Ligand SMILES: *[C@@H]1O[C@H](CO)[C@@H](O[C@@H]2O[C@H](CO)[C@@H](O)[C@H](O)[C@H]2NC(C)=O)[C@H](O)[C@H]1NC(C)=O
Ligand SMILES: *[C@@H]1O[C@H](CO)[C@@H](O[C@@H]2O[C@H](CO)[C@@H](O)[C@H](O)[C@H]2NC(C)=O)[C@H](O)[C@H]1NC(C)=O
Ligand SMILES: *[C@@H]1O[C@H](CO)[C@@H](O)[C@H](O)[C@H]1NC(C)=O
Ligand SMILES: *[C@@H]1O[C@H](CO)[C@@H](O)[C@H](O)[C@H]1NC(C)=O
Ligand SMILES: *[C@@H]1O[C@H](CO)[C@@H](O)[C@H](O)[C@H]1NC(C)=O
Ligand SMILES: *[C@@H]1O[C@H](CO)[C@@H](O)[C@H](O)[C@H]1NC(C)=O
Ligand SMILES: *[C@@H]1O[C@H](CO)[C@@H](O)[C@H](O)[C@H]1NC(C)=O
Ligand SMILES: *[C@@H]1O[C@H](CO)[C@@H](O)[C@H](O)[C@H]1NC(C)=O
Ligand SMILES: *[C@@H]1O[C@H](CO)[C@@H](O)[C@H](O)[C@H]1NC(C)=O
Ligand SMILES: *[C@@H]1O[C@H](CO)[C@@H](O)[C@H](O)[C@H]1NC(C)=O
């Protein structure tokens with residue numbers, strides 16, 4: 001090539017690179033770039049660790065995996081721990097609170113007031129009274145003991161007195 | 001809700017299961033491995049000694065973390081052509097190998113390089129196939145590679 | 001409802017209940033809960 | 001010679017941690033109380049479905065294996081080597097000596113005479129067990145290093161093997177060999193079959209015992 | 001202090017049934033996987 005700086009356009013050195021890809025056999029690919037995103041804590045989230053996909057709340061744990069072990073599971077084979085691939089720390093997985101809702105009625109032929117029980121839910125996640133059957137809203141906790149009227153559970157009952 | 005689930009305008013005293021309840025996911029998170037292998041791409045990027053056209057190089061590329069997303073957004077070249085998928089669809093894949101051949105040609109002949117072409121750099125000195133995957137990138141280097 | 005138009009001869013299978021394709025994904029869609037007939041006949045003589 | 005394994009060749013079959021439980025698996029294992037060949041110091045063996053491979057010494061006579069279908073050119077093969085430096089995995093088309101080895105001056109490596117078309121590279125008494133398997137283009141290698149208080153006889157006991165290397169080596173496999181360091185100045189081969197086992201997991205998550213469920217009526 | 005098998009058996013039966021119920025959440029019944037996030041990721045809605 002006869003090159004010179006006073007050459008016309010197109011008569012300039014153009015450095016060339018080409019790409020040529022391989023996709024025959026084998027599935028062991030190094031892939032390109034990912035894209036992490038730090039990590040919250042103590043909130044119901046949709047997580048994804050490497051392909052492990054689920055939803056729940058992640059806390060820090062007191063387990064100790066083996067250096068090659070990447071996640072844990074319990075009896076009934078549900079995932080209850082995980083290792084995150086950048087900190088090398090193992091995290092507990094807990095399902096995000098759920099339950100049933102029951103309404104306590106003194107009978108519509110007597111009143112329109114109701115109370116509500118959120119079954120086996122702590123009261124923070126919903127005057128307000130914590131039983132062993134769940135969180136109860138709209139009923140006053142008196143100190144006297146009557147015969148059972150409407151069974152709440154675990155030893156607690158409710159009733160329409162006097163008006164409330 | 002009681003009246004709906006009991007299908008009646010009157011209800012009698014009792015306790016009634018009416019619905020379920022559950023907490024909803026606040027957000028989404030993703031975790032993945034760092035890189036452990038930034039991979040090589042500078043040797044051919046920044047200044048460097050290139051070769052002739054029949055002395056076109058070759059490179060078996062081993063595992064590593066890609067970064068095309070930067071060369072795609074770079075666009076500081078005369079040429080960025082992939083006959084194959086868009087580079088938007090490229091930074092999210094997993095191949096076996098990519099091959100890198102390098103040489104320097106003139107500017108008035110780069111359009112001789114397309115899979116299926118003619119001329120002395122397509123007929124001689126180099127050869128593409130007709131079906132193609134990869135991308136071709138070229139840029140002028142007259143500032144450095146031409147001299148008085 | 002009579003929807004009347006003209007297409008390329010290839011994507012006549014693109015007018016169908018439930019599918020993916022450059023004609024079906026951008027210019028005309030039918031629900032998967034379709035109920036009706038589709039008629040096609042050739043035209044380069046008009 | 002032939003010898004009897006007792007409870008040998010158990011590997012962790014997945015990445016899953018497990019606390020104090022008894023977990024049942026179906027996989028390719030070395031059956032309990034098996035008929036394992038004995039070799040002294042070697043020849044071309046088969047592969048056919050995975051391989052158990054133990055070895056005993058204080059020096060290092062066992063210097064890796066070589067795998068493949070033809071162990072030559074015209075088809076691809078793997079090569080796993082270790083000079084006195086460190087491991088060298090490699091995948092080319094080779095030309096292998098029909099009796100390949102390395103010497104011990106300390107000059108060596110009469111192993112091959114060709115290294116064409118390389119598609120993968122890598123560089124960097126005692127009982128040393130290994131389990132080699134090859135599924136879906138992945139060549140998996142489990143291993144364990146236990147210290148014997150003998151020199152070169154197969155002992156008795158339980159010790160689970162932890163996964164190590166791994167890549168897309170693929171390269172169809174039907175045969176394999178061994179590599180030894182000559183004199184100039186003991187190893188076994190089991191095979192793996194599809195069995196069903198019952199693994200007992202510790203509270204730290206290690207496999208401490210197992211049951212082969214096709215040995216006898218009690219099992 | 002050194003016999004309550006009839007009470008132990010009703011506990012065992014209930015636990016053995018509740019475990020069989022959960023262990024069924026991981027069978028295909030003739031599908032491509034057992035996860036809905038895997039059929040909703042490599043299949044179109046139809
Ligand atoms: C991923 O990369 C980060 C840095 O980009 C590494 O973070 C370091 O981790 C060590 C713990 O081993 C800490 O002592 C350092 O303070 C961290 N530095 C920074 C800047 O965060 C992390 O270890 C890497 N992890 C992997 C698996 O590669
Ligand atoms: C190639 O190397 C050069 C030199 O190391 C890099 O040039 C630097 O660019 C930054 C940002 O434009 C300037 O602030 C520096 O002054 C430059 N270097 C020098 C020595 O002046 C260049 O960024 C490199 N190319 C790439 C793609 O990374
Ligand atoms: C229900 O209401 C009716 C109509 O007011 C009344 O006759 C009846 O006594 C009530 N039932 C009670 C109080 O149990
Ligand atoms: C409910 O949440 C509170 C707040 O952390 C906690 O102190 C308590 O132990 C939980 N359970 C009950 C039964 O109150
Ligand atoms: C109920 O009695 C207990 C006595 O231990 C007392 O501490 C509590 O305050 C009482 N609650 C009400 C609402 O009177
Ligand atoms: C192993 O099989 C060979 C095959 O002939 C047999 O001779 C030998 O006795 C067997 N060994 C054991 C321990 O069963
Ligand atoms: C060990 O063997 C490998 C095999 O190629 C070689 O690359 C390496 O250089 C050898 N070690 C030394 C110190 O030469
Ligand atoms: C493998 O090597 C042979 C001889 O060196 C060569 O003819 C052949 O082209 C090579 N394979 C490939 C895919 O280039
Ligand atoms: C391995 O050999 C078999 C011979 O039956 C062949 O059919 C198969 O294609 C080979 N493997 C690959 C990945 O080509
Ligand atoms: C491992 O297990 C042993 C015995 O099962 C236990 O004592 C120890 O705390 C565990 N954890 C270690 C050694 O980190």
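Indices start at 1 and increase along the chain as displayed.
How was it done? The header gives electron microscopy, 3.4 Å.
Cβ coordinates are placed from backbone N, Cα and C, and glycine is handled just like the others.
Per Swiss-Prot, the feature disulfide bond maps to A:44-A:96, A:123-A:135, A:148-A:157; the stated evidence is experimental evidence. Annotation comment: Swiss-Prot describes A:109, A:122, A:143 as N-linked glycosylation site, evidence class experimental evidence. Look at Swiss-Prot and you will find A:162 tagged as O-linked glycosylation site. The region 'Disordered' annotation in Swiss-Prot covers A:25-47 and rests on a curator's inference.
The subset of recorded positions (A:44, A:109, A:122, A:143) lying with their Cα within 10 Å of the Cα of residue A:135 (disulfide bond) consists of A:122, given in sequence order. In this structure, none of the recorded positions A:96, A:135, A:157, A:162 sits close to ligand 10 with a C-beta under 6 angstroms from any of its atoms. For the region 'Disordered' (A:25-47), the residues of the chain that approach it from at least six positions outside its boundaries are 53-60, 82, 84, 86, 93, 96-97, judged by C-beta separation under 8 angstroms. The CA atom of residue A:122 (N-linked glycosylation site) is located 15 Å away from the CA atom of residue A:44 (disulfide bond). Between the candidate glycosylation sites, A:122, A:162, the densest Cβ environment within 10 Å is the one around A:122.
Checked against ligand 5, the recorded positions A:109, A:122, A:148, A:157 give no residue with a Cβ under 6 Å from it. For residue A:44 (disulfide bond), the nearest of the recorded positions A:109, A:123, A:143, A:157, A:162 in terms of C-alpha separation is A:123. In sequence order there is nothing to list: of A:123, A:135, A:148, A:157, none of the disulfide-bonded residues comes within a CB distance under 8 A of chain B. Within the region 'Disordered' (A:25-47), the DSSP-based counts of helix, strand and coil residues read 0 helix, 4 strand, 19 coil.
Residues A:109, taken from the glycosylation sites A:109, A:122, A:143, are distinguished by a CB atom under 6 angstroms from ligand 3. The least crowded of the disulfide-bonded residues A:44, A:135, A:148, judged by other CB atoms within 10 A of its own CB, is A:148. Neighbours of residue A:109 (N-linked glycosylation site), defined as other CB atoms within 10 A of its CB across all chains, total 9. According to DSSP, residue A:123 (disulfide bond) is assigned to a helical segment. Less than 8 angstroms from the CB of residue A:157 (disulfide bond) sit A:146, A:148, A:149, A:150, A:151, each of them six or more residues away in the same chain.
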